[PDB]
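Report on one structure; see the data block that follows.
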Amino acid sequence: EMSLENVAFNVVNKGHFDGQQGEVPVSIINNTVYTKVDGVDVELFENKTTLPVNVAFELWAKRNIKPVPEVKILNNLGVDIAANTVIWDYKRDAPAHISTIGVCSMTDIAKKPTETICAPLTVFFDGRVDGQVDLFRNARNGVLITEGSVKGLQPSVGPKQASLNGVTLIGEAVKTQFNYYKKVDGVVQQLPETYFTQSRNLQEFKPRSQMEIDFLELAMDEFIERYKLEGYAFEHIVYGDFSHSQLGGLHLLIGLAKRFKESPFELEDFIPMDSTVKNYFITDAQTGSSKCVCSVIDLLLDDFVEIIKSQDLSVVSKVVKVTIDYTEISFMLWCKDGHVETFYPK
Amino acid sequence: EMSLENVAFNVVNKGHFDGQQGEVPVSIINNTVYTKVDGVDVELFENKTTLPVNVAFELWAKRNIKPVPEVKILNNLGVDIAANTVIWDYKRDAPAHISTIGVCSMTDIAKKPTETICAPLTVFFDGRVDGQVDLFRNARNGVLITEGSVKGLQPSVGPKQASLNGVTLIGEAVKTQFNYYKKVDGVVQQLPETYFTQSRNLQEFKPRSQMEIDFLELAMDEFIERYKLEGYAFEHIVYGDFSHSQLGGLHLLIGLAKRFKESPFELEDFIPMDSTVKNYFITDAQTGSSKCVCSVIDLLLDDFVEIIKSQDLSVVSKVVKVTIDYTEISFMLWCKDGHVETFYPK
Amino acid sequence: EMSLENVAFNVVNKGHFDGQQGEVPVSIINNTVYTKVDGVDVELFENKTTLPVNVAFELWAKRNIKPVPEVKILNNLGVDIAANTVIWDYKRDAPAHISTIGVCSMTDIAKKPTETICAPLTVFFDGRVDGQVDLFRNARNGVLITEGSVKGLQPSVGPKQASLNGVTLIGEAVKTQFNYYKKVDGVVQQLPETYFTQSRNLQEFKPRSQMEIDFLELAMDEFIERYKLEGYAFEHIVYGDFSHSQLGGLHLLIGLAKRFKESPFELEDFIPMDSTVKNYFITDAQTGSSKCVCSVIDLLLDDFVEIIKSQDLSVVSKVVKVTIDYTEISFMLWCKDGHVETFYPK
Amino acid sequence: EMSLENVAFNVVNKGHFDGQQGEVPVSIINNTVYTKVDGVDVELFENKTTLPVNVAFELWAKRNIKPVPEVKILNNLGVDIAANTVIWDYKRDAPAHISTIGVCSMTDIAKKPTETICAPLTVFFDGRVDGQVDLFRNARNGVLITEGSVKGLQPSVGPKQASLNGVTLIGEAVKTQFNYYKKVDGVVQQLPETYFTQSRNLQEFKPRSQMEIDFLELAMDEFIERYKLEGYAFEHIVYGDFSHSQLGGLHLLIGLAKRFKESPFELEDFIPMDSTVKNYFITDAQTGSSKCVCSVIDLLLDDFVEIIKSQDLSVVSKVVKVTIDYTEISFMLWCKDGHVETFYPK
Amino acid sequence: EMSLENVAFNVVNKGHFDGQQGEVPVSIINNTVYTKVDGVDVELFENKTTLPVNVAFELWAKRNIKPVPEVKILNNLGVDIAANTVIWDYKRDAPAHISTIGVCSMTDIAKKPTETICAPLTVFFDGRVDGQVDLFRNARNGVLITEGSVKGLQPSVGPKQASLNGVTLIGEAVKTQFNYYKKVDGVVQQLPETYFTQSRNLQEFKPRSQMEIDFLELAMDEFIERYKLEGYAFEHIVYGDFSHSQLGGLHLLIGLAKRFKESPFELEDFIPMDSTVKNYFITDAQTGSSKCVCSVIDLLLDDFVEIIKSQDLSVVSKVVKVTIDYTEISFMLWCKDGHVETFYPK
């Protein structure tokens with residue numbers, strides 16, 4: 001039975017849709033789902049999507065509550081749709097994908113990923129659900145994730161972290177490290193060697209390397225000297241310049257974290273979704289230095305210095321392609337006389 | 001199974017809720033219920049009530065599609081709630097009653113009318129549904145309707161017409177004449193002898209007596225002379241005066257019908273519900289004569305002349321109580337020297 | 001006391017705001033004002049305006065229920081605001097003017113028209129309300145209407161018809177013919193001699209002259225011959241051509257009425273407001289002849305033939321200015337060899 | 001005068017409805033009440049309830065701003081309605097009860113609690129308002145709270161804390177400790193001896209006993225040894241297990257507080273209302289350990305250990321009834337060989 | 001090109017409206033503007049204003065992103081409208097002014113401030129935009145701000161802080177100190193000598209003087225003794241009294257900050273806009289002491305003590321006018337025998 005009342009029953013008694021039988025009273029008002037508990041209406045769900053409220057409620061109740069790849073990783077892999085599950089985008093507070101396969105009658109384009117309509121679409125397959133590995137094998141286009149090895153397919157190790165109920169974490173009691181496989185037009189693709197962003201947060205930033213600890217603790221000159229980073233414009237690219245009315249650099253999240261612990265500032269996420277590179281409207285509350293569009297990428301500082309030391313500085317201006325999160329990120333690089341002047345993502 | 005999808009399935013395949021099993025895709029947008037037919041959304045229901053859209057949709061799907069007493073009759077009998085059915089008010093486009101008994105989880109105050117909560121409420125019982133006569137017998141307060149005789153209870157013959165799917169009609173293939181019984185505080189009440197309104201419409205007005213035919217066909221003086229109605233101000237009470245900027249009389253629907261066939265006018269029903277007496281904002285398009293509040297009652301012309309000839313005209317001003325539609329309607333009467341000056345309902 | 005509950009009380013007991021004391025329960029849902037009558041919510045008002053629902057409800061309750069100039073006349077006179085009344089636009093189902101003077105706290109720009117803010121605005125004054133003639137005398141900009149003569153001011157006779165509760169009518173029991181006065185920058189203007197549109201309707205079109213009766217009754221050639229209208233393209237300008245996929249002519253409402261009685265067609269009023277000239281998307285249901293933009297003006301046929309016979313036909317193409325409804329309407333005229341080819345308003 | 005404008009005036013000039021005279025401009029948009037201050041609209045109220053926006057605004061303005069019993073206590077006492085006041089549920093952001101008595105015309109079922117309709121309902125009476133003690137005496141069903149002794153009635157001492165403007169606090173300048181009395185069917189009931197929850201918060205958790213201080217400061221083994229809690233599964237029931245993908249225990253708020261100070265986690269309150277026992281969707285951000293439904297009760301640690309030491313551990317599995325917050329809470333208890341295996345509320 | 005799609009393009013690619021060419025897909029749902037990024041809808045804007053969603057979106061995109069005077073300063077100067085810019089009120093999340101000049105077609109009253117309609121309005125002119133100084137010179141009513149000196153006009157130095165993207169700050173990399181000029185009826189006014197509020201926040205309160213540091217660090221008696229503040233009721237006016245159920249004093253934000261660092265409390269801003277004096281519904285969480293209306297002004301403590309020491313205490317009760325933020329604030333002062341009893345703003 002697929003019903004709004006049954007979905008609300010599952011949400012009330014299980015926190016999510018568990019497939020139980022039963023129904024509860026449901027009232028739908030402007031864009032909100034309420035249920036009656038002890039004679040009063042209690043809000044169950046508030047629709048922040050562009051879908052109808054009941055459709056969005058059902059998709060949210062049937063979201064995957066296991067660790068899943070972050071939405072940015074799936075986007076960079078060209079995933080169009082998930083097989084028999086809902087990936088919830090907690091940054092957008094909406095389903096990650098427009099259509100579903102065997103989830104909701106109002107959004108399903110098919111009941112199984114084997115149907116003809118799904119063949120041109122890149123379908124996401126979870127190897128932790130039984131049978132989906134074979135579905136990926138028979139799939140024309142798809143991306144498979146597994147927690148272990150798959151016979152006949154060369155794995156690609158993904159990021160250490162994954163999303164669990166909207167919380168990005170590196171699993172200890174649960175496994176968040178996935179092997180990734182991709183098939184295009186029926187043939188397996190070799191996923192390129194890639195860096196991965198750390199998916200950290202400005203407020204609760206925590207270093208993940210000795211170099212990051214030194215960056216957060218040592219002064220600018222002290223840290224630059226210790227890791228012999230002279231000539232790579234670290235004072236501008238990473239630390240950030242606040243002397244002018246226009247903010248300079250601050251293109252890595254670790255620099256923003258250091259400044260934020262030094263002094264608060266305002267970040268305006270004018271495109272609130274998940275991406276490898278984020279653009280912010282930053283206003284430095286201390287000096288008044290601002291930048292309408294600042295590009296920030298949360299690479300590990302070791303990975304960033306390794307990337308920036310692998311580029312010859314004999315070109316005055318160029319665009320460098322770095323494979324991060326399974327996608328090619330374009331960094332604009334300006335150099336002067338063998339030393340970096342600017343290096344920022346787009 | 002009580003579900004929005006099942007209710008929509010019944011509406012799609014049966015026109016109303018028939019209790020069938022099955023479900024259809026449902027989308028709920030601003031205040032409208034849509035279903036997907038051949039890949040496109042088709043509007044099933046538009047909520048014009050103050051209830052939540054899904055609740056109103058379910059109550060509308062479970063409305064009584066048999067001939068039922070008009071809403072005004074039930075209101076005048078003090079009915080608060082119906083037993084195991086929904087009376088739909090088609091003039092208000094809403095349920096006739098706030099709560100239900102065994103219909104909708106969001107509106108039910110009880111599952112059966114025998115519960116303690118229903119005892120102080122006047123419950124409507126339909127004798128055409130099996131077992132409800134005994135429920136009325138055991139009921140503390142209630143109004144029962146039957147199509148035949150009930151042993152041990154003296155019947156009260158109601159109006160000839162009843163409402164079927166919002167259409168007021170005197171039944172030929174179906175029975176619309178009901179016997180009415182009432183119990184207050186556990187004791188049967190004797191319903192008073194009463195007149196009944198005809199529930200006719202201005203545009204499709206059709207006479208129901210020879211006197212009404214004469215009124216619609218004969219001129220004012222000719223008709224007044226034929227039925228010796230001199231001295232009862234029929235030229236003002238019924239025919240209506242349009243010589244002044246303020247409209248005069250026109251307090252019976254038959255007079256409005258005669259004028260409307262003579263010349264169109266505007267009626268504004270500023271309280272759009274069902275009542276024995278209706279108040280209108282009338283604008284005569286021909287002369288510009290208007291009245292902000294005009295009281296109209298649709299009595300049979302024979303009944304109205306019988307009522308007006310039963311009142312002595314020796315009182316300059318008084319209020320007369322006439323039992324119409326099982327309720328006491330107050331007519332303001334002004335007389336001068338033994339002849340009527342004004343006689344209008346309130 | 002200015003209150004939503006008091007306004008609803010006045011609407012319930014008087015049909016409009018009469019200034020009575022009292023209050024009724026009010027519920028405001030999505031864009032609708034309901035009141036509770038006998039325990040059920042009855043819709044009082046539905047907001048079709050861009051104003052807040054309560055503001056629009058109060059403005060609608062305080063609308064002028066006397067005969068007032070049609071909205072198009074007030075627009076052509078440059079009226080910006082009314083003094084101490086609300087002109088309701090029944091075609092738009094909205095107030096005729098954005099602001100008020102002494103009506104609603106949420107829309108008032110002033111409490112009296114004598115305040116400084118009202119001086120640059122053209123204020124509408126009604127001579128039927130006591131004291132407003134003197135307010136017009138002291139007004140810097142304004143338009144005054146009276147039912148009689150005003151000492152020291154030369155009157156301008158307006159149209160015979162006026163709007164009463166949204167119904168356009170020529171008054172018999174009430175006076176709808178107004179004298180118009182205008183003051184700009186503190187000096188009285190002489191309103192030009194003007195024609196007036198008839199404000200008639202397609203469905204209930206009724207001729208108002210012997211020439212119009214002949215047009216509706218006589219055939220095209222018979223009528224053209226009778227009134228010696230040869231050479232003025234009446235077969236195209238007025239009667240309308242349906243032989244091609246693009247509709248021809250039909251620029252006067254009387255021609256549309258004749259065709260409509262001959263055969264129905266679709267009129268799409270894509271700018272649903274009141275104007276001297278209306279543009280329609282017309283689809284002839286009989287032949288399929290259509291025109292995306294057809295300009296229609298409802299002049300009296302005698303006035304139209306008088307206008308068209310007063311223009312020399314020696315110019316191949318020109319624009320003619322005709323003062324209609326106190327505004328200059330531009331007619332595009334094309335002639336060939338002394339006879340009219342096309343003559344349509346804009 | 002009961003008016004939306006007067007209610008808004010009181011909110012603007014007093015923060016709540018104080019009964020003052022006056023009115024301010026009010027605009028109602030989608031579900032929000034705005035007022036005009038210095039020519040711009042300022043939001044006064046946003047409707048998060050299922051009531052109409054104006055009704056909810058009036059009920060919110062007339063909420064009780066004195067210390068009142070928490071909503072969970074009133075629910076456990078079977079309170080259906082308050083006498084002449086509004087209890088606001090700040091967790092639901094809505095009135096605690098559907099109907100009122102002498103508050104709002106749109107929600108009142110009666111004007112005084114002495115009316116017949118209120119007799120079957122359990123009415124809440126406040127002894128701090130003059131005359132309500134006698135109303136409780138004459139009441140058939142009701143719950144009375146007082147700050148002092150009541151002659152002829154044996155008091156029941158309630159919790160130390162009460163809610164003041166949505167803030168749970170133990171009063172110092174104000175009295176938050178109430179004596180509770182209950183009458184059912186006209187006869188006074190003896191409220192059972194009960195424990196009370198502490199109504200504390202995870203983020204601002206503060207210990208209220210030496211045992212709680214030891215729990216928050218001492219390690220798990222150290223604290224268990226100090227209070228000889230061996231054999232009662234405190235390492236699982238209270239501290240919480242994070243070694244598996246499914247979270248274990250953590251059924252008391254003090255354990256959640258200790259973990260939260262140790263490391264942050266996500267709590268999803270999928271039924272956001274006030275209850276003695278709360279169910280959460282908990283995701284441990286450190287280990288990834290999660291539980292869809294975790295039952296949490298905020299008892300004082302001394303009370304919890306007293307309860308758990310009063311149960312014989314000779315039953316492998318049973319349900320224990322503990323009277324907390326004037327209601328019987330069911331704890332599922334599993335024991336093995338005289339020592340607790342699991343003990344969690346429902 | 002002025003278009004919703006172009007405005008959304010500028011917001012997506014620049015964070016604000018920069019005047020670039022291009023368009024992006026836009027979807028408008030209930031009160032929200034979404035755009036499609038990588039096939040999914042991403043919320044760009046949520047309308048919290050009383051304007052139409054697209055109008056509010058365009059006004060928000062064209063807001064001034066340079067340091068601007070705080071909204072309270074502009075209100076106190078009588079500013080009605082800005083010349084060719086949008087001042088965004090971040091506290092109200094709405095435009096600071098109802099109309100615009102050359103910004104949005106739906107809100108413009110003029111395209112340039114030189115038009116006749118703008119003459120009676122006080123127009124805000126920014127001297128950092130080229131040509132606006134001359135516009136102020138030719139303006140009849142206006143307020144001009146400059147970063148430097150203006151020939152022929154005596155400057156008035158404003159507050160040190162200004163608003164940048166909603167963040168109040170004293171600029172270091174950018175200039176936030178403005179000279180203010182005012183013209184009324186075409187003649188330059190001499191702005192009075194004034195104090196300025198500090199626009200600080202309760203949570204992130206930071207002292208700005210040695211006296212404020214002493215107040216936050218020293219005890220009440222110690223601080224009062226150090227600055228010889230005996231006899232001015234500092235223990236009540238500034239520190240706040242929590243011994244009674246009604247909160248006492250606490251009329252300066254520094255006292256609230258000291259208490260908040262001592263113990264949290266609830267502030268309810270029932271009129272959430274920007275003013276020199278703010279009214280709060282304060283509930284002290286520690287003692288339960290509350291006050292429905294508490295007036296708070298964020299003056300520098302040095303300025304407040306200078307003001308309070310400049311008033312003779314020989315009057316039992318009076319109203320004192322202090323020019324703060326270019327407006328006269330009325331302080332109610334009660335004294336007893338030459339010492340202050342109460343001194344609070346209104």
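All residue numbers here begin at 1 and follow the chain in the order shown.
Just so it is clear, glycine is given a Cβ too, placed from its N, Cα and C backbone atoms.
If you check Swiss-Prot, you get these features:
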- A:3-63: domain 'Nsp15 N-terminal oligomerization' (DOMAIN)
- A:64-189: domain 'AV-Nsp11N/CoV-Nsp15M' (DOMAIN)
- A:206-345: domain 'NendoU' (DOMAIN)
- A:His236: active site, proton donor (ACT_SITE)
- A:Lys291: site 'Transition state stabilizer' (SITE)
- A:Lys291: active site, for uridylate-specific endoribonuclease nsp15 activity (ACT_SITE)
- A:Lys291, A:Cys292, A:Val293, A:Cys294, A:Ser295, A:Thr342, A:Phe343, A:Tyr344, A:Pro345, A:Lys346: uracil binding site (BINDING)
- A:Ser295: site 'Uracil recognition site' (SITE)
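On the backbone, the CA of A:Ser295 (uracil binding site) and the CA of the residue listed as 'active site, proton donor' stand 13 Å apart. In the three-state DSSP scheme, A:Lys291 (site 'Transition state stabilizer') is classed as strand.
Counting every protein chain shown, 19 other Cβ atoms lie within 10 Å of the Cβ of A:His236 (active site, proton donor).
Spanning the listed uracil site, residues A:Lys291, A:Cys292, A:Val293, A:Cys294, A:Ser295, A:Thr342, A:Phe343, A:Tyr344, A:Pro345, A:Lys346 have a farthest Cα to Cα distance of 18 Å. When the C-beta distance to chain E is held to under 8 angstroms, none of the recorded positions A:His236, A:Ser295, A:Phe343, A:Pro345 remains. Non-local neighbourhood of A:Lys291 (site 'Transition state stabilizer'): A:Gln246, A:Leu247, A:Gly248, A:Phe281, A:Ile282, each in the same chain, at least six residues away, with C-beta under 8 Å from its C-beta. Ranked by Cα separation from the residue listed as 'active site, proton donor', the binding-site residues A:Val293, A:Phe343, A:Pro345 are led by A:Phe343. Take the CB of A:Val293 (uracil binding site) and look out to 10 A: across all protein chains shown you find 15 other CB atoms. Taking H, G and I as helix, E and B as strand and the rest as coil, DSSP gives the domain 'NendoU' (A:206-345) the counts 37 helix, 49 strand, 54 coil. Long-range Cβ neighbours of A:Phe343 (uracil binding site) (same chain, at least 6 residues apart, Cβ-Cβ under 8 Å): A:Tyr232, A:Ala233, A:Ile237, A:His251, A:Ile308, A:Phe331, A:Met332, A:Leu333, A:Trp334.
Helix, strand and coil counts under DSSP for the domain 'AV-Nsp11N/CoV-Nsp15M' (A:64-189) come to 16 helix, 41 strand, 69 coil. For the domain 'Nsp15 N-terminal oligomerization' (A:3-63), the number of residues in each DSSP class (helix H, G, I; strand E, B; coil) is 20 helix, 18 strand, 23 coil.
When Cβ atoms from all protein chains are considered, those within 10 Å of A:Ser295 (uracil binding site) total 18, not counting its own. The number of other Cβ atoms within 10 Å of the Cβ belonging to A:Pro345 (uracil binding site), over all protein chains shown, comes to 20.
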